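# Survey of secondary and tertiary structure
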Number of protein chains: 4
Amino acid sequence: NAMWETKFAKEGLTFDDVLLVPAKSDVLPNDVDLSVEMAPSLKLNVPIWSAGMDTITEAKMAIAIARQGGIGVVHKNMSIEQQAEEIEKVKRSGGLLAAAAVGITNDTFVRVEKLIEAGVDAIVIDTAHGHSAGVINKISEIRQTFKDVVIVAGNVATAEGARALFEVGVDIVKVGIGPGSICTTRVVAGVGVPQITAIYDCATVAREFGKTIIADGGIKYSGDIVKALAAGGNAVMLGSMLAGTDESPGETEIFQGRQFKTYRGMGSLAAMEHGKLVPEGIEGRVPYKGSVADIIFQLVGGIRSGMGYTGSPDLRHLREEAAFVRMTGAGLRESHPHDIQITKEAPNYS
Amino acid sequence: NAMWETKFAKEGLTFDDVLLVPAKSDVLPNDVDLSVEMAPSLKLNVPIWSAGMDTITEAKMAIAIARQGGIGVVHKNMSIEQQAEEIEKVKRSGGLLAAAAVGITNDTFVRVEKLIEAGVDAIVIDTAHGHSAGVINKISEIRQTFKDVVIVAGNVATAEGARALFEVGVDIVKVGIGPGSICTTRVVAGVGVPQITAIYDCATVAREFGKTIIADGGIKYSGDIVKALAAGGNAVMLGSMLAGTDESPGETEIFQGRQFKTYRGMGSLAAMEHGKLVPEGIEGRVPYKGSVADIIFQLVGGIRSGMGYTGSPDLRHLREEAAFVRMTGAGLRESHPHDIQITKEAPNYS
Amino acid sequence: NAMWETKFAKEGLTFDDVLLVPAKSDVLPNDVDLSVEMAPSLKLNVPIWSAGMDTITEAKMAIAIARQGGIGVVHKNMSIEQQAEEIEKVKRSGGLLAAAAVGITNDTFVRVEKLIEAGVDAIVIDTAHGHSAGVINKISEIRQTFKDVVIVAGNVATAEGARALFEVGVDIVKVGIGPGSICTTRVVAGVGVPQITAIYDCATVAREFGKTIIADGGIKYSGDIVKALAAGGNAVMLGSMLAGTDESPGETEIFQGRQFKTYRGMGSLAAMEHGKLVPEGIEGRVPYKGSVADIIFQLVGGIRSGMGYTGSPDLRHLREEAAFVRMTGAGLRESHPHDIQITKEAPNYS
Amino acid sequence: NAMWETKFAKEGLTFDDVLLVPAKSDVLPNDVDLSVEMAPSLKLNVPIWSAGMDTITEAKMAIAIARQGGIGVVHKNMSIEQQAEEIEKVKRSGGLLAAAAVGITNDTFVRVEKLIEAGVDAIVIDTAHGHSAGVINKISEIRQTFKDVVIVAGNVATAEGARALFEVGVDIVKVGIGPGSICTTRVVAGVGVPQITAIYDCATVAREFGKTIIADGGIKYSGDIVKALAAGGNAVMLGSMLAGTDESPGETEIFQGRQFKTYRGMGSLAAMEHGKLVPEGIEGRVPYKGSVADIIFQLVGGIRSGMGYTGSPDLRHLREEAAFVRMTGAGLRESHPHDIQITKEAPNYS
Ligand SMILES: C[C@H](Oc1cccc2ccccc12)C(=O)Nc1ccc2oc(-c3ccncc3)nc2c1
Ligand SMILES: C[C@H](Oc1cccc2ccccc12)C(=O)Nc1ccc2oc(-c3ccncc3)nc2c1
Ligand SMILES: C[C@H](Oc1cccc2ccccc12)C(=O)Nc1ccc2oc(-c3ccncc3)nc2c1
Ligand SMILES: C[C@H](Oc1cccc2ccccc12)C(=O)Nc1ccc2oc(-c3ccncc3)nc2c1
Ligand SMILES: O=c1[nH]cnc2c1ncn2[C@@H]1O[C@H](COP(=O)(O)O)[C@@H](O)[C@H]1O
Ligand SMILES: O=c1[nH]cnc2c1ncn2[C@@H]1O[C@H](COP(=O)(O)O)[C@@H](O)[C@H]1O
Ligand SMILES: O=c1[nH]cnc2c1ncn2[C@@H]1O[C@H](COP(=O)(O)O)[C@@H](O)[C@H]1O
Ligand SMILES: O=c1[nH]cnc2c1ncn2[C@@H]1O[C@H](COP(=O)(O)O)[C@@H](O)[C@H]1O
Ligand SMILES: [Cl-]
Ligand SMILES: [Cl-]
Ligand SMILES: [Cl-]
Ligand SMILES: [Cl-]
């Protein structure tokens with residue numbers, strides 16, 4: 001049995017397993033082009049999507065991140081009327097780009113229709129297991145019903161899963177099973193793929209179709225964005241790094257003389273109340289980060305620095321030509337600050 | 001010398017070394033079939049055995065877990081009359097399934113006979129080193145004396161050990177040398193096999209015989225059960241995850257304003273008093289977990305979630321067709337929640 | 001250049017990298033033979049040498065460990081008259097075995113002569129770098145001067161180093177560069193070999209000569225002794241595990257309501273005062289352990305347990321036939337107790 | 001696409017991944033030759049450069065380290081007149097060797113000229129990404145303008161980067177992208193090479209040209225210097241290990257009853273104020289270390305000890321002939337002191 005014999009053949013890498021190799025460079029960081037074409041009708045100035053989560057992205061977040069060159073995915077833990085109204089708030093703030101999450105439920109077709117009426121630019125079909133017959137069949141039916149809307153669908157973590165979604169007309173495949181900071185899928189179900197490998201395997205398929213992927217989950221620092229893009233992601237999706245900003249939906253708390261905000265998985269127990277299956281996320285708090293504009297400024301600055309190191313004048317070169325080097329945990333220790341008592345907080349390092 | 005030259009050839013994986021790869025799925029988690037045939041006369045509704053330990057399973061535990069679809073192994077740190085009486089309590093609670101542990105001692109044959117008189121469904125011949133001449137010879141003699149009883153025998157961690165036990169008529173081989181949470185076998189004797197590899201090597205033999213194995217020890221989360229089953233285990237045995245429940249034999253203590261219960265290895269010093277050799281277990285305490293019904297509900301929910309991800313409609317497909325991906329410690333860090341202060345305890349994550 | 005190209009070819013394992021595989025066994029732990037012939041005139045009942053260190057072995061320690069079946073190496077941080085007098089105390093306690101450490105200094109020949117006059121059974125030529133021209137030349141000269149004395153010489157960590165010492169008539173080669181608990185050789189000089197690999201490479205040479213080796217340093221638990229012997233060591237040398245016993249030279253201190261004893265490297269600054277080069281050891285304290293008899297009882301019990309698991313009826317079988325399995329750090333975590341609050345101290349686990 | 005297929009082919013090692021193998025030795029540590037020819041006109045008695053950082057090296061540091069056999073790189077976070085004046089202070093302290101850092105800015109040519117007028121011995125062209133067209137072109141122009149000055153240029157971490165700099169007449173290539181203790185390049189930009197591999201790849205090129213390299217960053221102990229030199233570095237550059245000395249520019253602070261000094265990356269926010277791009281360093285404090293003379297004495301003593309172990313009579317033999325052994329994290333744990341409560345601080349181990 002080939003299936004029995006190859007049970008443990010596959011290997012997987014995540015962000016902390018790899019570094020990008022410096023290469024000959026002709027481009028300064030400030031001259032790098034960060035724009036990316038997600039689909040023929042959807043181009044971003046910076047390759048960053050904000051996560052469709054009820055503690056990350058409502059209209060306030062989507063407005064802030066679109067003004068920085070990204071796009072926000074308004075979460076679906078609200079009525080169809082409310083979610084459409086959030087989209088109208090974004091479009092009425094200068095015609096900014098806006099995306100909106102939908103599930104595979106009995107309201108999906110009406111919800112998509114009202115979101116399109118509100119001016120939405122992308123529909124984000126968000127499911128725990130995108131590589132399933134019922135999901136692929138509904139997606140294909142959505143694709144034929146709404147022929148002109150940009151469709152993001154996920155999540156998958158394998159070539160075969162990304163191919164199954166591109167085959168039914170998905171424009172953008174969202175990649176990531178288990179890497180999220182608030183996620184417990186891998187300890188509760190035992191299922192996942194290390195995220196760098198998942199990006200790489202799915203990007204290989206996306207290139208064959210001429211489409212794009214979103215690297216979703218597990219990003220901890222600006223350098224992880226560069227790794228995610230160089231592994232083949234056309235853009236990334238961020239929760240943890242946008243959590244605790246002014247524009248995120250919560251209100252700040254004071255715990256032990258310091259400001260925090262709530263960040264919780266959409267599969268946590270509390271989040272599923274807001275909208276049977278056992279939880280696959282936890283509920284937590286993160287330190288108050290400040291404004292989205294300031295955070296994106298640091299992220300973008302890390303991407304530009306990385307691309308100056310790799311000689312990437314645009315994201316295409318970073319995706320196609322940047323090489324990695326594998327490292328051990330000892331290499332990870334060398335990569336972070338070591339043998340030093342940090343006295344002042346850096347704006348891009350905690 | 002081939003033995004000298006191959007001293008370090010073998011490699012071993014445990015649960016934290018691997019993840020299950022998501023695959024094309026046609027089955028929702030709630031429609032998954034969790035039943036397993038351990039032997040022609042013994043079928044379980046959920047593939048879970050409770051450990052034959054004096055701080056895990058007496059009649060109260062065996063009743064609770066059988067009512068959830070599993071089976072309990074009543075421990076043998078009691079007289080023959082007492083252990084038979086515990087079995088009668090289980091059978092008088094609605095004819096529930098019941099198993100009972102026996103050693104290889106001078107009372108084994110009488111103890112097995114009285115347990116069969118009490119209505120026991122499986123005999124669990126529990127030994128530290130199942131792959132030994134004296135144990136295999138007594139087991140074979142038990143097999144010929146009691147021809148119709150389901151026999152579990154262990155523990156082994158190699159193909160040759162599992163084969164030696166199946167060769168003398170053992171119905172179910174219990175697998176695990178050293179992985180137990182309360183176990184020190186590997187630091188005291190230096191002996192063991194990482195548990196995923198041990199399950200896989202033994203399951204390969206079990207398939208040749210048409211018999212089954214129990215993956216015993218080292219399970220920390222519900223996702224480890226899915227890994228254990230996908231590595232070839234027909235069912236798992238749990239101590240740590242059932243420790244501290246209402247139905248476990250101890251009484252709850254209050255330490256620093258919180259409830260705990262005693263959990264100790266059957267090879268710890270205190271456990272061997274209750275029933276020379278140096279200890280191979282420690283004595284500890286675990287937080288109070290609540291009822292067995294609530295804990296099994298979370299475990300079962302993780303198994304169903306995992307099988308929906310792998311597209312396994314029953315445990316046979318999970319055993320034969322699910323693939324793994326290997327990961328580093330960095331991948332393990334990504335798999336658990338990271339970079340977040342958990343504020344609310346999840347029912348399936350500590 | 002082959003030397004340039006193979007700079008990083010070699011790989012090395014230590015105790016925490018490996019486990020012993022259980023095998024078919026015909027021998028109970030209590031029936032195992034632990035005796036070992038170190039040289040034609042030197043046989044031990046248990047394969048354990050106590051370290052020649054000024055906080056481990058003087059006459060009191062050598063007496064206690066010889067009474068348990070081992071042999072003690074009286075340290076040389078004392079005059080020739082004093083060290084010879086310590087040996088007389090051992091021989092006057094029932095003719096017990098006794099060994100004594102010598103350096104390569106300008107008193108070595110007189111010191112060896114007086115120790116032989118006192119009845120010493122083995123001379124332990126202790127040097128930091130045994131694989132050096134000056135050391136090998138003095139050793140060869142000692143071998144020809146004292147033709148009938150058992151000679152231990154070390155330390156080396158490679159086949160070529162062990163071969164160089166056996167070539168000049170060394171009876172027993174002591175193996176270990178850097179693994180000691182109190183040792184900083186590897187961080188100060190950058191030099192060493194992981195200890196399991198060092199034992200294995202040197203044992204390969206020892207078998208060709210028909211001689212023996214002592215696995216010296218890095219032993220943390222009784223299971224490490226079994227790994228050390230199965231990797232090819234004929235016996236082990238212990239410092240850390242005998243430190244803090246009643247029979248060790250220090251007096252007990254009380255720190256924060258608990259008893260401790262001093263344990264320090266013979267290359268620490270303080271130890272070199274007692275007897276230029278930069279220190280290669282640290283000075284520390286360990287918890288009070290109790291009597292040597294009780295500690296050896298636990299160690300011996302772990303060895304017997306390990307050999308029952310591997311089916312080794314004597315140490316020859318363990319050396320020649322026991323197989324290992326390699327494991328990751330995740331496997332190490334599974335091997336120790338995990339996910340449990342230990343409440344009672346085990347006699348063989350801290 | 002070969003670039004796509006080889007995205008993860010490369011592997012990298014750092015100091016904690018490797019140990020030096022002991023070898024046959026004819027040379028005592030005190031007889032080892034530590035001198036190194038960096039360029040035909042620049043020879044050092046010990047192979048150590050002090051880092052060109054505003055919390056490490058001004059005239060006071062450069063004087064102290066030159067008096068120990070090394071050379072100091074006076075940092076450039078000061079005017080041209082001030083930096084030239086610091087160099088005059090060094091030359092007026094007995095004609096000691098002195099080096100000075102320059103950037104690639106609009107003052108570089110005047111700054112180099114005034115530093116040469118002051119008697120500087122080496123120019124250290126310090127850039128974040130030495131493998132860039134603009135940097136290589138300015139360096140080549142500096143080489144043709146100042147034909148007789150020793151030129152150090154960096155930093156690179158690849159063979160192709162080192163080759164590009166040697167091709168334009170650089171005498172000494174400085175190697176290290178990301179390993180620095182105060183450095184965040186690898187987490188902010190995602191870019192780097194584990195330092196042992198980076199030294200080895202660049203040294204391979206340096207040998208073809210007959211030139212030299214400086215191993216810059218990540219050195220934590222004296223043993224790391226030996227590893228860095230044996231991996232092919234002709235000398236090392238130190239920040240962390242010289243930070244907090246009397247001769248470093250800061251003044252000592254008292255924090256919680258203990259003395260500290262400020263150590264900060266030249267890419268930290270505060271350091272860039274002293275002289276847009278996002279920070280790539282943090283600001284911290286280190287314990288007060290004492291005098292440079294005492295620290296160098298310990299470092300040099302570790303190098304001599306290492307070379308006695310490897311049988312290296314001079315640095316050429318260490319570079320060309322010393323072999324390494326690879327180890328896991330378990331091997332790293334064995335290499336440091338373990339299972340001991342250090343009571344007295346060692347002069348070469350924290
Ligand atoms: C409860 C869990 O929730 C989540 C898991 C992962 C990511 C999340 C992100 C946002 C919100 C919730 C999330 C879940 O839906 N689990 C789950 C597990 C296996 C499944 O398998 C299927 C499925 C299989 C075959 N056909 C259709 C669906 N749905 C599944 C849902
Ligand atoms: C003291 C130790 O106890 C246990 C070890 C491992 C798992 C446990 C689970 C429940 C209760 C006690 C356990 C033990 O029996 N150790 C031990 C070690 C090696 C042995 O080897 C043999 C043996 C070898 C050859 N023939 C017969 C028996 N019995 C052995 C017992
Ligand atoms: C100071 C250090 O001390 C020790 C190191 C390692 C183990 C110890 C155990 C007990 C007591 C002291 C120890 C040492 O001797 N280091 C040292 C380092 C390199 C050497 O190289 C040579 C040497 C090389 C070539 N010929 C003769 C001697 N002796 C050396 C001594
Ligand atoms: C802000 C950062 O600062 C440093 C980074 C690394 C080491 C440091 C050591 C001392 C002082 C500052 C350092 C930097 O210059 N980053 C940076 C990143 C990418 C770059 O790419 C280029 C570049 C690329 C192509 N042509 C010319 C320059 N310069 C770059 C500078
Ligand atoms: O509770 C959940 N379980 C599993 N994954 C989740 C859950 N909630 C959000 N996610 C995923 O995790 C991503 C955010 O991960 P982060 O950026 O690492 O914090 C989201 O964009 C989702 O893809
Ligand atoms: O003290 C002992 N020493 C070694 N293994 C033990 C001991 N007691 C119980 N076990 C094993 O450990 C299992 C429980 O492991 P856990 O589920 O990881 O807590 C039991 O089912 C036995 O197989
Ligand atoms: O200070 C020293 N530096 C390096 N090795 C030492 C030093 N002192 C003792 N040793 C070695 O370390 C062994 C003890 O190691 P332990 O059993 O792991 O504590 C001794 O038998 C010596 O071989
Ligand atoms: O802030 C910075 N970012 C990145 N690297 C730096 C920065 N400042 C200094 N370095 C490098 O780090 C080296 C010192 O590293 P350390 O010896 O490990 O403390 C310096 O010689 C520079 O090569
Ligand atoms: Cl449409
Ligand atoms: Cl029967
Ligand atoms: Cl003699
Ligand atoms: Cl010039």
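Cut-offs applied
- Residues numbered from 1 in each chain as written, not as in the entry; some residues may be left out.
- Chains lettered and ligands numbered in written order.
- Heavy atoms only, no water.
- Least-squares fit on C-alpha atoms.
- Near = heavy atom within 4 Å.
- Polar contact = N/O pair within 3.5 Å; in protein donor to acceptor, adjacent residues only side chain to side chain.
- Helix = DSSP H or I, 4+ residues; strand = E, 2+ residues; numbered from the N terminus.
- Nonpolar A, V, L, I, M, F, W, Y, C, P; charged D, E, K, R; others polar.
- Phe/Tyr/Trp six-rings, centres within 6.5 Å; stacked < 30°, edge-to-face > 60°.
- Buried < 20%, exposed > 50% of the residue type's maximum accessible area, 1.4 Å probe, protein only.
- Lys NZ or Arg CZ within 6 Å of the ring centre and 35° of its normal.
- Areas by Shrake-Rupley, 256 points an atom, 1.4 Å probe, with all protein chains shown as cover.
- Contact = heavy atoms within 4.5 Å.
- Buried area = accessible area lost by both parts, 1.4 Å probe.
- Pairing = 2+ DSSP bridges.

X-ray crystallography is the method the PDB entry lists for this structure, together with a resolution of 2.35 Å.

### A word on the relation of the copies chain C and chain B
When chain C is brought onto chain B, the operation consists of a screw motion whose angular component is 90 degrees and whose axial shift is 0.0 Å, with 0.0 Å RMSD remaining. What we have between these two chains is a four-fold relation. When each C-alpha of chain C is compared by its distance to the rotation axis, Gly329 of chain C comes out closest, at 5.5 Å.

### Description of the site of ligand 1
Taken together, 16 residues are adjacent to ligand 1, and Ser132 and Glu280 of chain A together with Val27, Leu28 and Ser305 of chain B come closest. The local environment of ligand 1 is shared, drawing residues from chains A and B. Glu280 of chain A is positioned with one of its side-chain polar atoms (N or O) 2.8 Å from a nitrogen atom of ligand 1. Top element by residues in the shell around ligand 1 is helix α11 (residues 292–310) of chain B. It accounts for three residues. Considered class by class, the residues forming the shell around ligand 1 number eight nonpolar, seven polar and one charged.

### A word on the packing of aromatic side chains
Counted under the stated rule, the structure contains 28 aromatic pairs over all chains. For the ring pair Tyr200 of chain A and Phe8 of chain D, a centre distance of 5.0 Å and an interplane angle of 85 degrees mean the geometry is edge-to-face. Note that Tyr200 of chain A is positioned in helix α8 (residues 195–209) and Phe8 of chain D in the loop between α1 (2–5) and β1 (10–11), a pairing that runs across two chains. Looking at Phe8 of chain D, the relative accessible area reads 13%, which means it is buried. By way of ring pairs, the aromatic residues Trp4 and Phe8 of chain A together with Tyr200 and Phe324 of chain B are connected into one cluster. Between the NZ or CZ atom of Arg207 of chain D and the centre of the ring of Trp4 of chain C, over which it lies, the distance is 4.2 Å.

### Things to note about the site of ligand 8
Residues and elements named next belong to chain D. Close contacts around ligand 8 come from 22 residues, with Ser181, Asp216, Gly239, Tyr263 and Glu280 the closest. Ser181 is positioned with one of its side-chain polar atoms (N or O) 2.6 Å from an oxygen atom of ligand 8. Between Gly267 and ligand 8, the recorded distance is 2.9 Å, taken from a backbone N or O atom to an oxygen atom. In isolation ligand 8 exposes 510 Å². Once the protein is present, 87% of that is buried. Grouping the constituent residues of the shell around ligand 8 by class yields eight nonpolar, 12 polar and two charged.

### Some remarks on the interface of chain C and chain B
Residue-level contacts link 62 residues of chain C with 56 residues of chain B. Of the roughly 4900 Å² buried at the junction of chain C and chain B (both faces included), carbon and sulfur atoms supply 59%. On the chain C side of the contact with chain B, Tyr309, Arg326 and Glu334 of chain C bury the most area, a combined 16% of that side's loss. Of all the elements in the fold, those that place two or more residues in the side of chain C that touches chain B are β2 (18–20), α8 (195–209), α9 (222–230), α11 (292–310), α12 (315–321), β16 (324–326), α13 (329–335) and β17 (341–344) of chain C. For the side of chain C that touches chain B, the element with the most residues is α11 of chain C, which contributes eight residues. Its residues assigned to classes, the side of chain C that touches chain B comprises 29 nonpolar, 21 polar and 12 charged. Here strand β1 (residues 10–11) of chain B pairs with β16 of chain C via two bridges, running parallel. Looking across to β16 of chain C, one finds that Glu11 of chain B is bridged to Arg326 of chain C.

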